[PDB]
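K.L.:
Below you'll find the sequence and an experimental structure to go with it.
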Amino acid sequence: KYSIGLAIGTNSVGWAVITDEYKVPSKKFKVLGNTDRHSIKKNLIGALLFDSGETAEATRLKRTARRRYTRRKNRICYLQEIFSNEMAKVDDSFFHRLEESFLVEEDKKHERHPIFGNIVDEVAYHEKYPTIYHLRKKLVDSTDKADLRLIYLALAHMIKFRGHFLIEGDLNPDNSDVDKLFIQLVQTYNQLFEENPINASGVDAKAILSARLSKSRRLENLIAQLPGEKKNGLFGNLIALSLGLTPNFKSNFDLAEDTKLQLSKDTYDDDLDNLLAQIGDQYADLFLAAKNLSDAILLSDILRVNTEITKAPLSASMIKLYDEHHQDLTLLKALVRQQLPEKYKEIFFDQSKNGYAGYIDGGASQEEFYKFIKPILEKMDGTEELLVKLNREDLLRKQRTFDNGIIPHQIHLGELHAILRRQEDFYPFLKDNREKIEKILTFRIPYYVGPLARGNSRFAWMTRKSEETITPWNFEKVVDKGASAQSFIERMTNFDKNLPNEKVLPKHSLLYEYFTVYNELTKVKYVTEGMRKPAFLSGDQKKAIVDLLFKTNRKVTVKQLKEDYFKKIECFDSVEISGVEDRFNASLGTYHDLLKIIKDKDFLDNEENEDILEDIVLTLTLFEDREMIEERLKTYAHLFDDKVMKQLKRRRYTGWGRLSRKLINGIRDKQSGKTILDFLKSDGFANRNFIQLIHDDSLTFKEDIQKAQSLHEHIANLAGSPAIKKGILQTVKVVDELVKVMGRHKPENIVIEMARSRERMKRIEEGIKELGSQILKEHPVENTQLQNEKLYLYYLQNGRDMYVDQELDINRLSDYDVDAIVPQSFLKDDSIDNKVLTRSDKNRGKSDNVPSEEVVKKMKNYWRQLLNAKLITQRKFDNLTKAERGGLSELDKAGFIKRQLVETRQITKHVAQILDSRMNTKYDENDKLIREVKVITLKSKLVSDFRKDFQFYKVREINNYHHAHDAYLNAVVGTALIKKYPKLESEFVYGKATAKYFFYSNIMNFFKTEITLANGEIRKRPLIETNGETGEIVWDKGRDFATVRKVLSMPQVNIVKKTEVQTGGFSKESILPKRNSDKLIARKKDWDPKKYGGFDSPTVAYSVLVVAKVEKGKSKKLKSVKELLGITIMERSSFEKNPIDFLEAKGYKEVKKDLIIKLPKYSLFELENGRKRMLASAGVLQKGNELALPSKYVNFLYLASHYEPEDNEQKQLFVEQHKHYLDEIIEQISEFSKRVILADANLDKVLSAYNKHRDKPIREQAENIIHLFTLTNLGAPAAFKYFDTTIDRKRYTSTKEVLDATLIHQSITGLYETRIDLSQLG
RNA sequence: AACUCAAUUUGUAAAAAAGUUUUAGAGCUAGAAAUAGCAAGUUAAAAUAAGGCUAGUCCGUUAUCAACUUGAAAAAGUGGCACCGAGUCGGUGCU
DNA sequence: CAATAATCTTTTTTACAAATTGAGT
DNA sequence: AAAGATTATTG
C-alpha cells in the first residue's frame, strides 16, 4: 500500500512514492542494452524537467505575415498583367528587368539597368527624380504624356505600400486650408444661431488645430480662445469631431440615448442620419462643415511639412523633406569643414560610428544619429537653426521611415487616381482599367471571411458561391461574404452543455427572455385573508401577468403586481408576495426594444413571427459590420417601413447564452409531451422550474441529457497556459508509469500541487491626459526606470498620496511606504492591483482591516478620478472603498485565510478530475462510483510553511532535487491532513465565525510539539497524534520527522530531463551580407551566399550517429569515422525521406545504416567516474550531474543568507556556531567540480575569490557561495559572480568524447533504463 | 447554479510602417602602385523562412516525441519481492 | 586544440470567440 | 527577454 505525491510546474514535474509510514521505497530495476549491467537500485522519488511549452502566438504572427507578403506580391502581379500587352510595345523586357533586379550582372539575363535598359537614360532619370516622390508629384501635376514605364513605377509604388485602412470614407482633396474651412464652420454655425454668434476674430485656427499636440489639448486650446463656449458645448463637440475625437451630442440637443459620432467609423453616415432625423436637416450643413475641417486637419496631421497646394500633398511634402535634407547637409558639411576638420572623416565617412555616414550607409537609427550629432551641433556657431530642426525630428530626414505608419490609404488613392486621370487620354487601356487599378489598392479581404482557401486550410471557413478564382473584382460575386461572415463566429461559439449538438441562442433571444421571466414567475407565492395556505401562480395567472405587466413595462415592480394584477383584475384589496422582493429581475428587454422600433404590438405578440424576430436578433448579434447587417435584414424590407428598417440596422446585441432552442422549447416529456417552457408556463400545483425539471426523475429530461454524449486531445482543450498543459500531460504519464512500477496496484491517494516597461508607459501616458496633469512635463521619465515599484506608483498616483489629500515629493520615495490595500495577513497579493504608495502606512487606519471609513469619505472622489482614467482597476477601487460597504467582516477575514489552504483554481480541479477518472473506473450496484483512489489537492503554502516550520529549508540554486522533495512532502502533508481531519475531505478530496478563523489558522498545529498562541499560553499536544473517531496513528513526532529528515538527504533522486526534438524557425532570421564561408545558407536555391548573402546559425532538430568512411587524402582512401552529425530543422525531411542518400551527399561512404542512432536534444551520456553529459546539439554539451549536497549545509546556507519570533536566537545561534561550514562547502563544490565539471581554470578563480573574501561578513559570504552552484548546476554552463568577480563560462565545445561513452535511454521516471555502450559500435 | 461590471489568459482573422540582403542610381582628380585629397549620400526594384502539392490570392516556426516489439497514425504492449544500509545507489536473503 | 568575445527581427491597428478570476450583487 | 548555441577570431 502506497501513495503518490506530485508537484506540477511549468518547467518541472516532481514525483514521489510513499508508504503508510511516510517512507520512500526502493527497488532494483532491470537494465537493458549491451552493457554488463543488468540491474540497478533506485529510490521511488524523482523529478522530470522540460523546456517550457510555447503559445501559438509567434507561430500565428509569422503565418499572418506570410499571407500579407503573398497578397502584396499579387497586387503587383495584377497591376503587371494589366500593363502587360501595352507595355510589350514599349519594352518587351521591362518587367523581366524588374524581376531580375536582385541578381548580379554575372547572373542577369537582361541589361543591368532596370527602368530603361541603357545607362545614359537611366542616369538622367535619377537626376531629374532623386526620389520616387519627385516622379509621383510630376505624374500628378504635368499634362504632357508620360513614359508608360514611369507611370507603372509610381502606380506600383502606391500599390506596394498602400497605407492603412483605419479611416473609413473618402477624403476630399480640396479640403486643405484649416483656416479657411474653420471660418466656414463658424459662418455655417452663426447662420443657425444668429442670436448667439461666435467671434472667431483673431483666432489662429491653423496654429491651434494643426499643432503637434494631442487632439484633446488642441480642442482645449481652441475653446480657450472663445469666451462663452463650453468644452462640451455644440461648437466644442463639432471641433471635437473635426479633430478626430468621438463626442456625444445628447446634452447638446436634449435627447434620450447617447448619440456619439466619429467621422472615421463605418457608422458615421448612418449615425448622422439618425441624429438629423431627430433634430432636423437644418443641421445638415453644420455637420458637413465639420467633416470638411476633419479632412484638412487630417492632412496637417499627416505631413511633416506644409505645402503650397497640389493634388499630391504627400509626395510634395517628401520633396520638401529631401530638399530640406539637401540644403541642411550642404550647410552642415561646409559648416564642419570650417569649424571642425578633426571630425569630418569620422562624421561623413566612418560607418562604424553614428555620424551621417552610419546614418545612411551604416545601421544607425535616426535617434542614434541625433544622439550622436547633437553635442557636435552645440559646439559650433551658425547652428541654432538646425538644432530646432533636430528637436522637432526634422533634421536630415529620410522619406521611408517608421513614422509613415500613419499615412491612410486614401492619400495614396488620391495620387493614383490623379495620375490615371492625366494619362488615360494618351493611353486608352488606362481609361478602361481606371476602376480596376483603383480596386487593387483599396480592396481588403474582410477579417470575417479569412483565408480565401479551397478546402486545404485548417484555418479557413469561407464559402464560395461561385467556383472561379477569386480576384479583387469578382470578390463579392464569388465569395458569400455573409455565410462566411456567419461561419466566422459560429466556429468559436459554444453549444448547449445539456444538448451538446445544439447551438446556444443569442443572449437577447426573445425565447431566452421569455424562459427567464417564467422561470422566475413560476416560483412566486401569494396569500391573503381567506386562504389556508400560500399559493403559486397558476398557468392562467402567469400568462395573465406576462401579457398585462411584462409586455408593457421593461421592469415589473412588486408594487404593480399587487396593484395592477392583484387589485384591478383579482379584486385583492391587499395581498402578500414572496419569491420576488422589490422588483423582478428578468425582463423582456428585447421585446420592448423591437416594439419601440417597428411599432406594431400585434406583429410582436402574434406567435407567427416568432422565428422572424429571433432571426432579427441573431443577425444583430451575429454581425458587427454595417454592410453585413443591412444585406441580411433586407429580407424583411417588404415587411417593415423604410424608416423602420433604418433604425433596425443600427441596433446591436452582444452576447451568447448557454441554452439552445431545442432545450427550452423543444424536447418533450414523453409522458406529458410538454416542453420545459411549457412546464414553466403551467405545472399543476407543483410549479417546478428549470433546475428541478432537468433533475426530476419523474420526468424524462434527465435521461435524454446524459444520453449525450483521446488524452492529449482532452488536455489541449482545457483553459490555461500551454506551459501548464505541458506539465499536466507529463504529470499523467508519470502516474501511469509509477503504477506499472508498483505492479499495477493503484495507489491509495494522489496528492497534487500546482505552482502559481513598454506596457507601463502607455498606461501612465493614457492616464495623465484624462486628468491633464503637467506632471511629466514637471517630472520627465524613462520606460526602463518604471520597474521600480515605488516610482511606478508615484505616476499611477499622479504624484499624490492615496490616503491623504496631500501630494508626494518625488525625491523622497525611500521614506514613503507601500501599503497592502487588503493586508497580506489575509491574502498575499504583492501586485499593483493591491498596493498603494503613501507617505505613512499609518494613515490607512487600523492595520488589521481595509482603509478606514474616514479615509474613504475623504479620498473616494480622488479614487474615482483615478478609475475614470484607468490608472487603478475596478478591483482596486472596490477594495479601496469596502469600508463604507461593511469593510472586512470577521467572516470575510475567515474566507481569505481559508483560501490560503484550499485550491480554488479551476485548472487544478480539472487535473484532479482526469486522475480521479483514470484511477477510479469500476461502478457499483446502484450505478455509483467506486472510489479506490482519493485525489488530494493542496496549495504551495502548506509545504513551504512546513519546511520553514520544521527546518527542512529549500535552496533552489543547489540542484533540482527540491522539485522531487516538494512532491514527497506533499504526499506526506496531504495524507496526514486527511488522516487527522477526515471530515475535511469535502474541501481537499475530489468527489461563531471565529471558529473557522482560528481553525484554518491553527490548521497545521498538530505537527508542532509545543504551541504558543499569541494570547499568552503554552499548550503541548502529545508526542503521537491520533484520530478521534479513527484509531489509526497519524504522526509520531519522534520517528516521522526523522523519517522525513532521512528521505530529504538520500543522495539518489531520479532527475530526468525530457528529451525533445527541436522545432521552429530554420535559423537566426538575420540576413547577413556576402562573405566566403560554408556556413551561410541560401535564401533561394539559385542565390549563392558568396554572391548574395544569406542566413546563418541553423537550429539542429536532432543529431545522429554516423559510423561510416570518408575519402581521406588525394588517394581517396577511406578512413573510418564515428562522428556526430547535426540534422537541421530545414534539413530534416530530406534526411528522414532517404537517410542513406542524404548522408552520401555529404561525403559519407559505406554508412552502417543499422547503427544510425537518432539523438535528440538532452540525450544522456555517462562516462568515467559517473560523469554525465547531455547533448545540446551536434557539437555542444551540457552538464549532466546533480550535486547531492548534505542537508546540513543547505539549511546553514538558507539561514546564513536569511539573516532577517524569539526562536531566532535558536536560528542565529547556528550560523556563528557553525561558521566552519563555509570551507567545507567550498570543497564539497570543489570535490564535485574536479570529478564531473572539469573546469580547472575557473575552479581556481572560485577558490582564489572565496579565499580573498573570507574576511567578509558571514552573510555576504553565504549568499555569494550560493552563486557558485551555477558552476555545478545541471544543464548549460552560465556565467556567475562571486562578490564582484565575474567568472565566465567553461563550455563543453566538443562531442567527440561521448561517442565512446554510454548512452542512457531514460523512462519518464528514470526508473526504467536502456544503456548502450557506444564503444561497441565500429 | 444565475446576473452585472472589470480585468486576465488563450485562440483566430484582416491590415499598415520599418529592418535586412543583392542589384541600379557612370564618382572625379592626381599617383606605376598601395595611397591621398575632393565630390556625393535621403531613392527604387526584388526577396522576406528553403520551399511544398493539394495548385488555393492555399500551406510551411504551436501542441505531441526515452528505448525495444507491434502499428499508417493515434496509441498499445515490454522490466519479481523483502529486508539491512547510503556520495548519485550499494549489499544480503527468497521464487 | 582552448579561451575569448559578439550576436541574436521590430512596431502598430482593426475585428471576433472562449475560460477564468475577483469584486459587487 | 533573456538563455545559450553558433560563429568567428585569437592564443
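P.N.:
Arrived safely, thanks for sending. Numbers count the residues shown, from 1 in each chain, chains lettered A, B, ... in the order given.
K.L.:
Around DNA strand C, pick out the residues from the stretch 301-450 of chain A.
P.N.:
A:405, A:447 (Cβ under 7 Å from any atom of the strand). Every residue, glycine included, has its C-beta placed from N, CA and C.
K.L.:
From residue A:1052, how far out is residue A:964?
P.N.:
For residue A:964, the distance to residue A:1052 (Cβ to Cβ, to the nearest Å) stands at 11 Å.
K.L.:
and the helix or strand harbouring residue A:270, does that touch DNA strand C?
P.N.:
Assigned by DSSP states H and E, residue A:270 belongs to helix A:268-279. No - Helix A:268-279 does not reach DNA strand C (Cβ under 7 Å from any atom of the strand); its nearest approach is 13.4 Å.
K.L.:
contacting residues around the residue of the stretch 251-400 of chain A found nearest DNA strand D?
P.N.:
Residue of the stretch 251-400 of chain A nearest DNA strand D, by Cβ to the nearest atom of the strand: residue A:352 (15.1 Å). Residue A:352 makes contacts with A:358, A:362, as judged by Cβ atoms under 8 Å, 6 or more residues apart in numbering.
K.L.:
Confirm it sits in a strand?
P.N.:
No - counting by DSSP: H, G, I helix; E, B strand; the rest coil, residue A:352 falls outside a strand, being coil.
K.L.:
on that earlier part again, compare neighbour counts for residue A:964 and residue A:1052 and give me the winner.
P.N.:
The residue with more neighbours, out of residue A:964 and residue A:1052, is residue A:964; 29 against 14, by other Cβ atoms under 10 Å.
K.L.:
tell me the contacts of the more buried one?
P.N.:
Per Cβ under 8 Å, 6+ apart, neighbours of residue A:964: A:7, A:14-16, A:45-47, A:1053-1055.
K.L.:
need the residues of the stretch 51-200 of chain A near DNA strand C, please.
P.N.:
So the stretch 51-200 of chain A meets DNA strand C at A:65, A:164, A:166 (Cβ under 7 Å from any atom of the strand).
K.L.:
re earlier: among the contacts of residue A:964, which ones lie close to RNA strand B?
P.N.:
Answer for these near RNA strand B (Cβ under 7 Å from any atom of the strand): A:1053-1054.
K.L.:
Out of the contacts of residue A:964, the closest to residue A:182 would be?
P.N.:
Distance to residue A:182 across those (Cβ to Cβ) is lowest for residue A:7, with 68.2 Å.
K.L.:
Verify the contact between the closest one and residue A:973 for me.
P.N.:
No - applying Cβ atoms under 8 Å as the test, residue A:7 and residue A:973 come out as separate, 11.9 Å apart.
K.L.:
Those two: which is more packed in?
P.N.:
residue A:7 (29 against 22).
K.L.:
Doesn't the more buried one belong to a helix?
P.N.:
No - assessed with three-state DSSP, residue A:7 is strand; it does not lie in a helix.
K.L.:
how near is it to DNA strand D?
P.N.:
Here residue A:7 is placed at a distance of 21 Å from DNA strand D (Cβ to the nearest atom of the strand, to the nearest Å).
K.L.:
Dump the residues of the stretch 51-200 of chain A next to DNA strand C to CSV, plus secondary structure.
P.N.:
Below are those laid out as CSV (three-state DSSP):
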residue, secondary structure
A:65, helix
A:164, strand
A:166, coil
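K.L.:
Enumerate the positions of the helix holding residue A:270 that are buried.
P.N.:
A:268, A:270-273, A:275, A:279 (16 or more other Cβ atoms under 10 Å).
K.L.:
Equivalent analysis for stretch A:843-852, please.
P.N.:
Quick answer for stretch A:843-852 (16+ other Cβ under 10 Å): A:843-845, A:849-852.
K.L.:
next one: it to chain centre, how far?
P.N.:
What separates the centre of stretch A:843-852 from the centre of its chain is 35 Å, taken as Cα atoms, centre = their mean, to the nearest Å.
K.L.:
Restricting to C-alpha, output that stretch in CSV.
P.N.:
Output of stretch A:843-852 as CSV, limited to C-alpha atoms (Å, rounded to 0.1, in the frame of the first residue of the first chain):
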residue,chain,number,x,y,z
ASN,A,843,-2.6,56.9,7.6
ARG,A,844,-4.7,53.9,6.2
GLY,A,845,-6.3,53.3,9.6
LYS,A,846,-6.3,50.1,11.6
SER,A,847,-3.7,47.7,10.3
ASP,A,848,-6.0,44.7,10.7
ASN,A,849,-8.5,45.8,8.0
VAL,A,850,-9.0,47.7,4.7
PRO,A,851,-8.8,51.5,4.6
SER,A,852,-10.8,53.4,7.2
